[PDB]
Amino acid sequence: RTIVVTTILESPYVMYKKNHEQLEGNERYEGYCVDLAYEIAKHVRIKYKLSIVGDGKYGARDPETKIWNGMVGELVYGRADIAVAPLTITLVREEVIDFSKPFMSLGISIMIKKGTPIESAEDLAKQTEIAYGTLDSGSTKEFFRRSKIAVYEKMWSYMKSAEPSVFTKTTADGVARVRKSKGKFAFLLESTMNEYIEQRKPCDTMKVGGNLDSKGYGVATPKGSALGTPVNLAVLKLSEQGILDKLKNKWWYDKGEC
């Protein structure tokens, strides 16, 4: 009856409210994906509880054990009914779960500390003074690992071998490292997170260049689920009523500090 909605902490998708320790259930959280889940559940007519995925991951299949981890795995093993999170719609994920049409459009992009002499991936690639890396795991690393475009192969090889490690564990950590490296570290991350950070104090970062690819986040459900279709139509309706635009503006720009 009460559906399980798996999600994950990632600003401004899902964040603890100010006095979350005094709160219970869904009231503990706020953010874009909290509002989205509310709006979706309103259209599909379901009661639900948000659960933070236990292992803090998005969804990948271990090559050895073949187990899917993260929110994807919660869905694959039947421990959750829906995942509402900045979950990149990728082929390997689409093979084992169902994604709604994108609720947000995005692309891989470059974050620099203001003043860094870099405008594009090409600038990064033809040098090593300024180091650069992606998150340790996730779709961006995967984009680079799999590319057959020369510029991107060049970048993957560099990152793959760079010492010490150019990869970071979280968005926060990548941002901290740009911010501390005095212009000697650029972070490669989804354009959505990049744009959000740009609008946050100390306002010392910026997104430069166009995106490297074009993709989307989708709401995910287990294959064969009876919520699959209604959730899909819910996203499209929300997109069409301008609610997805309204929410993005709310969480990214209305609150903008720069």
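Throughout, rigid core stands for the largest set of C-alpha atoms superposing within 1.5 Å between the two forms. A residue's number is simply how far along the shown sequence it sits, counting from 1.
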property: Higher-deviation stretch (C-alpha RMS, rigid core fit) in 5 other deposited structures of this protein, choosing from 52-60 and 189-197; result: 52-60
property: Stretch departing more from the displayed form, 63-71 or 204-212, Cα RMS in 5 other deposited structures of this protein (core fit); result: 63-71
property: 241-249 versus 17-25 - which carries the larger mean C-alpha B factor in the record; result: 17-25
property: Higher-scoring stretch by recorded Cα B factor average, 43-51 or 227-235; result: 43-51
property: Residue with highest C-alpha B-factor in the PDB entry, from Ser137, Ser105, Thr116, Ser109; result: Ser137
property: Peak C-alpha temperature factor (PDB record), options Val96, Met71, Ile149, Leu188; result: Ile149
property: Where the record places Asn194 (Cα B-factor, split into thirds across the chain); result: lowest
property: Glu64, C-alpha B-factor rank within chain (lowest, middle or highest third); result: highest
property: Third of the chain, ranked by Cα B-factor, where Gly209 sits; result: highest
property: Third of the chain's Cα B-factor distribution that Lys101 belongs to, per the entry; result: lowest
property: Ranked C-alpha temperature factor of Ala83 among modelled chain residues, by third; result: lowest
